[PDB]
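File shown: query_21.csv. Contents: CSV, C-alpha atoms and all ligand atoms.
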```csv
chain,number,residue,atom,x,y,z
A,42,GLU,CA,-8.3,-41.9,160.8
A,43,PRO,CA,-7.5,-45.3,159.0
A,44,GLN,CA,-3.8,-46.1,159.1
A,45,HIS,CA,-4.4,-49.5,157.4
A,46,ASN,CA,-0.6,-49.6,156.6
A,47,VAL,CA,0.6,-49.2,160.2
A,48,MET,CA,0.7,-53.0,160.9
A,49,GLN,CA,3.5,-53.1,163.5
A,50,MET,CA,3.4,-51.7,167.0
A,51,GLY,CA,6.3,-50.8,169.2
A,52,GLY,CA,6.9,-51.3,172.9
A,53,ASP,CA,7.7,-54.3,175.0
A,54,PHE,CA,5.4,-56.6,173.1
A,55,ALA,CA,6.5,-55.4,169.6
A,56,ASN,CA,7.6,-58.7,168.1
A,57,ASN,CA,5.4,-61.0,170.2
A,58,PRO,CA,3.4,-63.7,168.3
A,59,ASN,CA,1.0,-64.0,171.3
A,60,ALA,CA,0.2,-60.2,171.3
A,61,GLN,CA,-0.5,-60.4,167.5
A,62,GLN,CA,-2.9,-63.4,167.8
A,63,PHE,CA,-4.6,-61.6,170.7
A,64,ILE,CA,-5.2,-58.5,168.6
A,65,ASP,CA,-6.6,-60.7,165.8
A,66,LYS,CA,-9.0,-62.3,168.3
A,67,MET,CA,-10.2,-59.0,169.7
A,68,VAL,CA,-10.8,-57.5,166.2
A,69,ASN,CA,-12.4,-60.7,164.9
A,70,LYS,CA,-14.5,-61.6,167.9
A,71,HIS,CA,-15.3,-58.2,169.4
A,72,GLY,CA,-15.1,-55.7,166.7
A,73,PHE,CA,-12.0,-53.9,168.1
A,74,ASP,CA,-10.0,-51.8,165.7
A,75,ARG,CA,-6.5,-53.3,165.1
A,76,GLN,CA,-4.8,-49.9,165.1
A,77,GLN,CA,-6.5,-48.6,168.2
A,78,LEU,CA,-5.6,-51.8,170.0
A,79,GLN,CA,-2.0,-51.7,168.8
A,80,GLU,CA,-1.7,-48.1,170.2
A,81,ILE,CA,-2.9,-49.3,173.6
A,82,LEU,CA,-0.7,-52.4,173.7
A,83,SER,CA,2.3,-50.5,172.4
A,84,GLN,CA,2.1,-48.7,175.8
A,85,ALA,CA,1.8,-51.9,177.8
A,86,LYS,CA,4.9,-53.0,179.8
A,87,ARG,CA,6.4,-56.4,180.2
A,88,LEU,CA,6.9,-56.6,184.0
A,89,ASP,CA,9.6,-59.0,185.3
A,90,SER,CA,8.2,-58.7,188.8
A,91,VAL,CA,4.8,-59.9,187.7
A,92,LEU,CA,6.5,-63.0,186.2
A,93,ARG,CA,8.7,-63.6,189.3
A,94,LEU,CA,5.7,-63.3,191.6
A,95,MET,CA,3.5,-65.6,189.5
A,96,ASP,CA,6.3,-68.2,189.6
A,97,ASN,CA,5.3,-68.1,193.3
A,109,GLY,CA,5.4,-77.7,213.8
A,110,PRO,CA,3.6,-76.8,215.9
A,111,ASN,CA,5.4,-73.5,215.4
A,112,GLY,CA,2.5,-71.1,215.7
A,113,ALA,CA,1.8,-70.8,211.9
A,114,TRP,CA,-1.8,-69.7,212.3
A,115,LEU,CA,-1.0,-67.2,215.0
A,116,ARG,CA,1.5,-65.5,212.7
A,117,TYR,CA,-1.0,-65.4,209.8
A,118,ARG,CA,-3.9,-64.2,211.9
A,119,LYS,CA,-2.0,-61.3,213.5
A,120,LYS,CA,-1.3,-60.0,209.9
A,121,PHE,CA,-5.0,-59.2,209.8
A,122,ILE,CA,-6.5,-59.1,213.2
A,123,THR,CA,-5.0,-56.1,214.9
A,124,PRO,CA,-6.6,-53.1,216.9
A,125,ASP,CA,-6.0,-50.8,213.9
A,126,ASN,CA,-7.7,-53.2,211.4
A,127,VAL,CA,-10.6,-54.1,213.7
A,128,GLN,CA,-11.2,-50.3,214.4
A,129,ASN,CA,-11.0,-49.5,210.6
A,130,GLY,CA,-13.4,-52.4,210.0
A,131,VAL,CA,-15.9,-50.9,212.5
A,132,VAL,CA,-15.7,-47.6,210.6
A,133,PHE,CA,-16.3,-49.2,207.2
A,134,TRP,CA,-19.2,-51.3,208.5
A,135,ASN,CA,-20.9,-48.3,210.1
A,136,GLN,CA,-20.3,-46.1,207.0
A,137,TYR,CA,-21.8,-48.7,204.6
A,138,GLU,CA,-24.4,-50.3,206.9
A,139,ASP,CA,-27.3,-49.8,204.6
A,140,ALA,CA,-25.5,-51.5,201.7
A,141,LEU,CA,-24.3,-54.3,204.0
A,142,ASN,CA,-27.9,-54.9,205.3
A,143,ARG,CA,-29.3,-54.7,201.7
A,144,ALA,CA,-26.7,-57.3,200.6
A,145,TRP,CA,-27.8,-59.6,203.6
A,146,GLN,CA,-31.4,-59.3,202.6
A,147,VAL,CA,-30.8,-59.7,198.8
A,148,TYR,CA,-28.0,-62.4,198.9
A,149,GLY,CA,-28.1,-64.0,202.3
A,150,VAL,CA,-24.5,-63.1,203.0
A,151,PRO,CA,-23.9,-61.5,206.4
A,152,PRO,CA,-22.0,-58.2,207.0
A,153,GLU,CA,-19.2,-59.8,208.9
A,154,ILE,CA,-18.3,-62.0,205.9
A,155,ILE,CA,-18.3,-59.1,203.4
A,156,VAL,CA,-16.5,-56.8,205.8
A,157,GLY,CA,-13.9,-59.6,206.5
A,158,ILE,CA,-13.3,-60.2,202.7
A,159,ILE,CA,-12.9,-56.5,201.9
A,160,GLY,CA,-10.7,-56.0,205.0
A,161,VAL,CA,-8.3,-58.9,204.2
A,162,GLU,CA,-8.2,-58.0,200.5
A,163,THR,CA,-7.6,-54.2,200.6
A,164,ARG,CA,-8.0,-53.0,204.2
A,165,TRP,CA,-11.2,-51.4,203.0
A,166,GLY,CA,-9.9,-49.6,200.0
A,167,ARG,CA,-6.6,-48.5,201.5
A,168,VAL,CA,-4.4,-51.0,199.6
A,169,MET,CA,-5.9,-51.7,196.2
A,170,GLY,CA,-2.8,-52.2,194.1
A,171,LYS,CA,-0.3,-50.0,192.3
A,172,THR,CA,0.2,-52.0,189.1
A,173,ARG,CA,-1.5,-51.0,185.8
A,174,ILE,CA,-4.0,-53.9,185.1
A,175,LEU,CA,-3.1,-53.7,181.4
A,176,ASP,CA,0.7,-54.3,182.1
A,177,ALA,CA,0.0,-57.3,184.4
A,178,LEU,CA,-2.4,-58.9,182.1
A,179,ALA,CA,-0.4,-58.3,178.9
A,180,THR,CA,2.7,-59.7,180.6
A,181,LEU,CA,1.0,-62.8,181.8
A,182,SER,CA,-0.9,-63.3,178.5
A,183,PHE,CA,2.1,-62.8,176.2
A,184,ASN,CA,5.2,-63.8,178.2
A,185,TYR,CA,3.9,-66.6,180.5
A,186,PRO,CA,3.1,-70.0,178.7
A,187,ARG,CA,2.0,-71.8,181.9
A,188,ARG,CA,-1.1,-69.6,182.4
A,189,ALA,CA,-1.3,-67.7,179.1
A,190,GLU,CA,-4.7,-69.1,178.2
A,191,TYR,CA,-6.2,-68.1,181.5
A,192,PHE,CA,-4.7,-64.6,181.5
A,193,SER,CA,-5.5,-64.0,177.9
A,194,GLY,CA,-9.1,-64.6,178.8
A,195,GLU,CA,-8.7,-62.1,181.7
A,196,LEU,CA,-7.2,-59.5,179.3
A,197,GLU,CA,-10.0,-60.0,176.8
A,198,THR,CA,-12.6,-59.4,179.5
A,199,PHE,CA,-10.6,-56.5,180.9
A,200,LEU,CA,-10.6,-54.7,177.6
A,201,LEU,CA,-14.4,-55.4,177.2
A,202,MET,CA,-15.0,-54.2,180.8
A,203,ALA,CA,-13.1,-50.9,180.1
A,204,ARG,CA,-15.0,-50.4,176.9
A,205,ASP,CA,-18.4,-50.9,178.7
A,206,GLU,CA,-17.8,-49.0,181.9
A,207,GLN,CA,-16.1,-46.3,179.7
A,208,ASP,CA,-12.7,-46.5,181.4
A,209,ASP,CA,-9.4,-45.8,179.8
A,210,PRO,CA,-7.7,-49.2,180.0
A,211,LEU,CA,-4.4,-47.6,180.8
A,212,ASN,CA,-5.7,-45.8,183.9
A,213,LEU,CA,-6.8,-48.7,186.0
A,214,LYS,CA,-4.5,-50.1,188.6
A,215,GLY,CA,-4.6,-53.2,190.8
A,216,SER,CA,-2.6,-56.4,191.7
A,217,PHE,CA,0.3,-58.1,190.1
A,218,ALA,CA,-2.3,-60.6,188.7
A,219,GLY,CA,-4.8,-58.0,187.5
A,220,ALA,CA,-7.2,-58.0,190.5
A,221,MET,CA,-9.2,-54.9,191.0
A,222,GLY,CA,-10.9,-52.6,193.5
A,223,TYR,CA,-12.2,-53.1,197.0
A,224,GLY,CA,-12.7,-56.8,196.7
A,225,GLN,CA,-9.8,-57.4,194.3
A,226,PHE,CA,-12.1,-58.9,191.6
A,227,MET,CA,-10.4,-60.5,188.6
A,228,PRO,CA,-11.8,-59.4,185.2
A,229,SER,CA,-13.7,-62.8,184.9
A,230,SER,CA,-15.3,-62.3,188.3
A,231,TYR,CA,-16.4,-58.8,187.2
A,232,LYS,CA,-18.0,-60.5,184.2
A,233,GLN,CA,-19.6,-63.3,186.0
A,234,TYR,CA,-20.4,-61.9,189.4
A,235,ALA,CA,-20.1,-58.1,189.8
A,236,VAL,CA,-23.4,-56.2,190.1
A,237,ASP,CA,-24.7,-52.6,190.0
A,238,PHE,CA,-25.5,-52.5,193.7
A,239,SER,CA,-25.4,-48.7,194.0
A,240,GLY,CA,-28.1,-48.4,191.4
A,241,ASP,CA,-26.4,-45.8,189.2
A,242,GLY,CA,-26.5,-48.0,186.1
A,243,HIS,CA,-22.8,-48.9,186.3
A,244,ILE,CA,-20.6,-51.6,187.8
A,245,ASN,CA,-17.6,-49.9,189.5
A,246,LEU,CA,-15.2,-52.3,191.4
A,247,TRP,CA,-13.8,-49.1,193.1
A,248,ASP,CA,-17.2,-48.0,194.4
A,249,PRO,CA,-17.6,-49.5,197.9
A,250,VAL,CA,-21.4,-50.1,197.5
A,251,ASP,CA,-21.0,-51.9,194.1
A,252,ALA,CA,-18.1,-53.9,195.7
A,253,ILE,CA,-20.2,-54.9,198.7
A,254,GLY,CA,-23.0,-56.2,196.4
A,255,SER,CA,-20.6,-57.9,194.1
A,256,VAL,CA,-18.8,-59.8,196.9
A,257,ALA,CA,-22.3,-60.9,198.2
A,258,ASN,CA,-23.3,-62.1,194.8
A,259,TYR,CA,-20.0,-64.0,194.3
A,260,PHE,CA,-20.7,-65.7,197.7
A,261,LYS,CA,-24.3,-66.7,196.8
A,262,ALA,CA,-23.2,-67.9,193.4
A,263,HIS,CA,-20.6,-70.1,195.1
A,264,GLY,CA,-23.2,-71.7,197.4
A,265,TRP,CA,-23.3,-69.6,200.5
A,266,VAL,CA,-26.2,-71.0,202.7
A,267,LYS,CA,-27.9,-68.1,204.6
A,268,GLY,CA,-27.8,-68.7,208.4
A,269,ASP,CA,-25.7,-71.8,208.2
A,270,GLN,CA,-22.6,-72.3,210.4
A,271,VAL,CA,-19.2,-71.7,208.8
A,272,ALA,CA,-17.1,-74.0,211.0
A,273,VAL,CA,-17.3,-75.4,214.6
A,274,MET,CA,-14.3,-75.9,216.8
A,275,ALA,CA,-13.6,-79.5,217.9
A,276,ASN,CA,-12.6,-80.8,221.3
A,277,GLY,CA,-9.9,-83.5,220.8
A,278,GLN,CA,-7.1,-84.2,218.4
A,279,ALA,CA,-7.1,-86.2,215.1
A,280,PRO,CA,-3.4,-86.5,214.1
A,281,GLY,CA,-4.1,-89.7,212.1
A,282,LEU,CA,-6.3,-88.0,209.5
A,283,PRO,CA,-5.1,-85.8,206.6
A,284,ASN,CA,-6.4,-82.3,207.0
A,285,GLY,CA,-7.2,-79.1,204.9
A,286,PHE,CA,-10.2,-77.4,203.4
A,287,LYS,CA,-10.3,-80.0,200.6
A,288,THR,CA,-10.7,-83.0,202.9
A,289,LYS,CA,-14.0,-84.6,203.6
A,290,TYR,CA,-15.0,-87.0,206.4
A,291,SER,CA,-18.4,-88.2,207.9
A,292,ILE,CA,-19.1,-86.9,211.4
A,293,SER,CA,-18.8,-90.6,212.4
A,294,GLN,CA,-15.2,-90.9,211.2
A,295,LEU,CA,-14.3,-87.7,212.9
A,296,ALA,CA,-15.8,-89.0,216.1
A,297,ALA,CA,-13.9,-92.3,215.8
A,298,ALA,CA,-10.8,-90.1,215.3
A,299,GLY,CA,-11.3,-88.6,218.7
A,300,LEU,CA,-13.2,-85.4,218.0
A,301,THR,CA,-16.4,-83.9,219.4
A,302,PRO,CA,-18.0,-80.6,218.2
A,303,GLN,CA,-18.1,-77.7,220.7
A,304,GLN,CA,-21.5,-76.6,219.1
A,305,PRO,CA,-24.2,-78.9,217.8
A,306,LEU,CA,-23.7,-79.7,214.1
A,307,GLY,CA,-27.4,-79.7,213.2
A,308,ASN,CA,-28.1,-81.9,210.2
A,309,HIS,CA,-24.5,-81.8,208.8
A,310,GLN,CA,-23.3,-85.3,208.2
A,311,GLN,CA,-19.8,-84.6,206.8
A,312,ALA,CA,-17.2,-82.0,207.3
A,313,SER,CA,-13.7,-81.1,206.3
A,314,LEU,CA,-11.0,-81.5,208.9
A,315,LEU,CA,-9.2,-78.2,209.5
A,316,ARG,CA,-6.2,-77.9,211.7
A,317,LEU,CA,-4.8,-74.6,213.0
A,318,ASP,CA,-1.2,-74.3,214.4
A,319,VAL,CA,-1.7,-72.4,217.6
A,320,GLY,CA,1.9,-72.6,218.9
A,321,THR,CA,1.2,-74.7,222.1
A,322,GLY,CA,-0.4,-77.3,219.8
A,323,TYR,CA,-3.0,-77.9,217.1
A,324,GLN,CA,-6.6,-76.7,217.1
A,325,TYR,CA,-9.0,-78.9,215.1
A,326,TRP,CA,-12.2,-77.7,213.5
A,327,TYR,CA,-15.2,-79.2,211.6
A,328,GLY,CA,-15.3,-77.3,208.3
A,329,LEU,CA,-18.8,-76.8,207.1
A,330,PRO,CA,-20.0,-75.9,203.5
A,331,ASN,CA,-19.9,-72.2,204.2
A,332,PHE,CA,-16.2,-72.4,205.1
A,333,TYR,CA,-15.5,-74.0,201.8
A,334,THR,CA,-17.5,-71.2,200.1
A,335,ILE,CA,-15.1,-68.7,201.6
A,336,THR,CA,-12.1,-70.6,200.1
A,337,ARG,CA,-13.8,-70.1,196.7
A,338,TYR,CA,-12.5,-66.5,197.0
A,339,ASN,CA,-9.0,-67.6,197.8
A,340,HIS,CA,-8.0,-71.3,198.1
A,341,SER,CA,-6.5,-71.2,201.6
A,342,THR,CA,-7.6,-72.5,205.0
A,343,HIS,CA,-5.7,-69.6,206.7
A,344,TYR,CA,-7.3,-67.0,204.3
A,345,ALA,CA,-10.8,-68.2,205.0
A,346,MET,CA,-10.3,-68.4,208.8
A,347,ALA,CA,-8.8,-64.9,208.8
A,348,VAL,CA,-11.7,-63.5,206.8
A,349,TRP,CA,-14.2,-65.1,209.1
A,350,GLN,CA,-12.5,-64.2,212.4
A,351,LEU,CA,-11.8,-60.6,211.3
A,352,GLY,CA,-15.4,-60.2,210.5
A,353,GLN,CA,-16.4,-61.6,213.9
A,354,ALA,CA,-13.8,-59.3,215.6
A,355,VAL,CA,-15.3,-56.3,213.9
A,356,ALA,CA,-18.9,-57.4,214.7
A,357,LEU,CA,-17.9,-57.5,218.4
A,358,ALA,CA,-16.0,-54.2,218.5
A,359,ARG,CA,-19.2,-52.6,217.0
A,360,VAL,CA,-21.3,-53.8,219.9
A,361,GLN,CA,-19.3,-51.9,222.6
B,401,NA,NA,-23.3,-49.1,190.4
```
Please rewrite the model in this file as structure tokens.
Ligand code: NA
Amino acid sequence: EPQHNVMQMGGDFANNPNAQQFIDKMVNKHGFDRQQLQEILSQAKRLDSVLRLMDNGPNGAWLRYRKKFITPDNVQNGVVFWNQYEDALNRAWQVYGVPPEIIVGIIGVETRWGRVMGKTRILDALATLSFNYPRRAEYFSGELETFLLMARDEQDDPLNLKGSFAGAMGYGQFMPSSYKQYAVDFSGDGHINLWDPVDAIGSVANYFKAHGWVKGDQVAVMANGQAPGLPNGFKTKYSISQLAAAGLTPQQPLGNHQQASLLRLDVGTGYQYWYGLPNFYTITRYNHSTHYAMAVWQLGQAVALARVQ
């Protein structure tokens, strides 16, 4: 019923100005009911761990990162996932131009194909970061808003959904804003479920295309030579000419590519340089990290090979 006079909620966010303004925004902008929203938020928990985690050579650095993902068990499970969802994977390739090895690599690195999807209630993580974390409160408040709208539309109970300490969800660990901007109903059931492997596959593919993935284009090409003078990383940008002058030569032809990022991997015995192409940068659009993108790519290649035999 109404309860117009029950204006103050209990719980961890009871006397929080940010939580109050947020309820006002949801009611005002999306037609949410203040009392219904207060009941939900009165159950939300302020998690210290979420706050602590958000507060964040050659020595073989890449080798250590790589072995976290590329192991016999992971490659074998990757083969099983690929075979199980081969039609969806092929359909995503045809529709979005994103190859199975990239989608398999992303879902493998993110959740080991649905095995590790997160144990934290999304509501708690998002409320905590929205109401008790000034540094990124605006970003997370936006995620919480979208999360509550997602739950309303996919008919989920907001308190039942679990995920990462930052509110990432399902097979591909999509943030609420990614669900909003990039998730698709790939299964064809009329719904968008981040926990449905077919929807997740299509959604990851759409995210990639949206971020500029070029179908059939090379991701990166290993270089012969060393370029210690030049700054490196996925954000760098050099003409092929400058890289050549630096002492590098590509192991594979670079087609019409005239520029590339200079990637450097620490392989213990030394440094391994690569010419980063646009598609490599597109992978970093999922997680801003050279190591992450290289692991996603190589895990997918490893699985593709293991499938052959
Ligand atoms: Na669906």
Identify, counting all atoms listed in the file, the protein, DNA and RNA residues located within 10 Å of ligand NA 401 (chain B), and give them as a list in words.
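Using all atoms listed in the file, everything at most 10 Å from ligand NA 401 (chain B) comes to residues 235, 236, 237, 238, 239, 240, 241, 242, 243, 244, 245, 246, 247, 248, 249, 250, 251, 252, 254 and 255 of chain A.
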Mind pulling up the distance from atom CA of residue A:304 to atom CA of residue A:355?
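About the pair atom CA of residue A:355 and atom CA of residue A:304: they are 21.9 Å apart.
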In Å to one decimal, how far is atom CA of residue A:317 from atom CA of residue A:113?
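If I compute the distance from atom CA of residue A:113 to atom CA of residue A:317, I get 7.7 Å.
Using all atoms listed in the file for every distance, the candidate list A:257, A:180, A:203, A:217 yields A:257 as the residue closest to residue A:140.
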I'd like the contact shell of residue A:338 - 9 Å cut-off, only C-alpha atoms, skipping same-chain residues fewer than 4 positions apart - returned as a ChimeraX atom specification.
/A:158,259-260,334,344-345
Using all atoms listed in the file, pick whichever of A:215, A:340, A:208, A:143 has the shortest atom-to-atom distance to residue A:167.
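Checking each candidate against residue A:167, we get A:215 as the closest.
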So what do you get for atom CA of residue A:273 versus atom CA of residue A:326, distance-wise?
5.7 Å
Best match for closeness to residue A:131 among A:153, A:162, A:74, A:80, counting all atoms listed in the file
A:153
For residue A:165, list every protein, DNA or RNA residue within 8 Å, evaluated using all atoms listed in the file, and leave out those in the same chain fewer than 4 positions away; present the list as JSON, numbers by chain.
{"A": [129, 130, 133, 159, 160, 223]}
For residue A:44, list every protein, DNA or RNA residue within 10 Å, evaluated using all atoms listed in the file, and leave out those in the same chain fewer than 5 positions away; present the list as a ChimeraX atom specification.
/A:75-77
Could you list, as a ChimeraX atom specification, every residue within 12 Å of residue A:221, counting all atoms listed in the file and ignoring same-chain residues fewer than 5 positions away?
/A:159,162-163,166,168-175,177-178,195,199,202,213-216,226-231,235,245-248,252
Go through A:285, A:186, A:222, A:328 and flag the residue nearest residue A:95, using only C-alpha atoms for the distances.
A:186
Contact residues around stretch 329-331 of chain A with only C-alpha atoms at 6 Å, ignoring same-chain residues under 3 positions, as a list in words
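Non-adjacent residues within range: residues 265, 271, 272, 312 and 334 of chain A.
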Shortest interatomic distance to residue A:60 - which of A:193, A:188, A:96, A:124, counting only C-alpha atoms:
A:193
For residue A:264, which residue out of A:322, A:149, A:43, A:52 is the nearest one, using all atoms listed in the file?
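Going through A:322, A:149, A:43, A:52 one by one, the smallest distance to residue A:264 is for A:149.
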